[PDB]
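In what follows, a single structure is set out as structure tokens and then discussed.
Letters go in sequence order (proteins before strands), and every chain restarts at 1. Below, each value reflects all heavy atoms present in this structure, side chains not excepted, and no hydrogens, waters or symmetry copies.
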Amino acid sequence: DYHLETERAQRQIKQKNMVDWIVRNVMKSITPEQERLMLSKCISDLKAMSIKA
Amino acid sequence: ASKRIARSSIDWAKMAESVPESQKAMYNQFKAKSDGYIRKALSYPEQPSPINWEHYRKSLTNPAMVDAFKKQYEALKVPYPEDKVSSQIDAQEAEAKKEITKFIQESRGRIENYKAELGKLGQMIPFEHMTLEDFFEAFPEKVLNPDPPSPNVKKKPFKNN
């Protein structure tokens, strides 16, 4: 039970640490060329939903 | 590991009939004292509680410590401890046997005395057609010259003080 709770405590802090690391890394990594590509994909997906009727 | 599981129990009924109740009231203490150790014998059976080692192996990231714990648990399997005062009980058992034989032969002697007394009463002539001399002969309490005098020679007419 001690090893299980130690593993659970280490798993919980690693999950919390990787969550805030991913949030900070995703927010700090914003590029305009990828933003325009995602904008074009959103327009194409909107056009695909209009066709799907 | 063997010998006495909780199923073993001597016949209390014959033992309870044998003792003279409050004359051997320590048996009433002894049975409850033994019953208390039965309560300890009620708990902790032979095998312990099984543990699912595979659940802890899969849940823990590194199950090598669980394997080491399981290997050490299987290696450390201590057997039963040693009997201490069994020889003293055996020594008192032999002393009890001697007291058994001594009490048996003394009771046999007293039984033969009571049988001889009943044989005397069986061979005694009845009190209806019995002469007074034969009453004195069958019961040697008697009266004679070196005897306590009394106005009526009775069982206790002499001192009365």
Worksheet item: Are more than 12 heavy atoms from other residues, nucleotides or ligands located less than 6.0 Å from atom CE of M38(A)?
Response: yes

Worksheet, complete the sentence: So side-chain hydrogen bond (donor to acceptor under 3.5 Å, both in side chains) across residues 30-44 of chain B, not counting sequence neighbours, yields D35(B)-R39(B)

Fill in: Same apolar cluster: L37(A) and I30(A), side chain cutoff 4.5 Å
no

Fill in: Path from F69(B) to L4(A) over hydrophobic side-chain contacts below 4.5 Å
no

Item to complete: Indicate, with yes or no, if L121(B) and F139(B) share a hydrophobic cluster defined by side-chain heavy-atom contacts under 4.5 Å among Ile, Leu, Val, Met, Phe, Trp and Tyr.
Response: yes

Discussion item. Please check if the number of heavy atoms outside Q123(B) that lie under 6.0 Å from its CD is greater than 12.
Written reply: no

Worksheet item: How about residues 77-90 of chain B versus chain A: which residues have heavy atoms under 4.5 Å apart?
Response: none

Practice prompt. Identify whether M18(A) and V26(A) are in the same connected component of the hydrophobic contact network (ILVMFWY, side-chain heavy atoms under 4.5 Å).
Written response: no

Scan the chain B/chain A interface and emit each donor-acceptor pair under 3.5 angstrom with its distance.
| unit_1 | atom_1 | unit_2 | atom_2 | d |
| --- | --- | --- | --- | --- |
| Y56(B) | OH | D1(A) | OD1 | 3.0 |
| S59(B) | O | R11(A) | NH2 | 3.4 |
| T61(B) | OG1 | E7(A) | OE2 | 3.2 |

Discussion item. Checking an interface table here. Which of residues 8-24 of chain B come within a heavy-atom distance under 4.5 Å of chain A?
Written reply: none

Practice prompt. Would you kindly confirm whether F136(B) and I125(B) end up in one hydrophobic cluster when ILVMFWY residues are joined by side chain heavy atoms under 4.5 Å apart?
Written response: yes

